[PDB]
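Let's start with one chain on its own, the form deposited in one PDB entry, as structure tokens.
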């Protein structure tokens, strides 16, 4: 389908590579073709193509942050950021695999994994206090209010009445969330986007992928993702180690965490991933 439609371009970008041997991650704006060492963003529309120059800049900025790990490095030339649009963007592929939750049942592993999360999130937080970083990244205002609107508009039609009532209580608290624009926020920091090397010892953070939703925002959004994936005990260890276990932060996390499945559903809805939509909508229909 995608691989087929883009065979010619892909044979230029990946010479001698069989396009059937590649994988695809669906995005809102780009289809992402996954090769062994790199990744190719293909714009779904003219609008999407117009976004790739800025995406190139964003990924360059991320590549320069002190996160204690790798990020997808843009493999275009710097002048690509000056273009009106690009027909593709190639990024380096971060090595490693997600950490399955049950690994954290060993407490020494949990300590070491928590600490590397903290290094990452601390790097993201300090970068969000950097004026040049803040100038390079999107920082929408009233995103929570608008997110609730987007859920009601786009997901409620796919939900049962029970599901809509469950969602409403979850969306309810969002309007009273302080609107925080203080950290670089990944915006989708589920386990599948955090990659580890665990060959030669305890899990070591290789890097982080899928920065499509990155912004200047509330660090509670990334902490919520961790909480949704790994639960309260592990989250609390990250908060303790990072110095973020205060009542205000914990409250925001709880509020955002209650919406995280809906965030995944909204994204899956927009990027046409039916399986991730099904999962996201679990217990809402």
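Positions refer to the first chain, counted from 1. Basically, rigid core = biggest C-alpha set you can superpose within 1.5 Å across the two forms.
Quick note: we don't show the form deposited in another entry, though the next part is all about it.
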* **Candidates 195, 167, 113, 183 - which moves between the shown form and the other one, C-alpha at least 2 Å, core fixed** => 167
* Asked: Is residue 227 one of the residues whose Cα moves 2 Å or more between the shown form and the other one, with the core superposed?
  -> no
* After a core superposition, would you say residue 152 shifts its C-alpha by at least 2 Å between the shown form and the other one? -> yes
* Asked: Does residue 251 move its CA by 2 angstroms or more between the shown form and the other one when the core is aligned?
  -> no
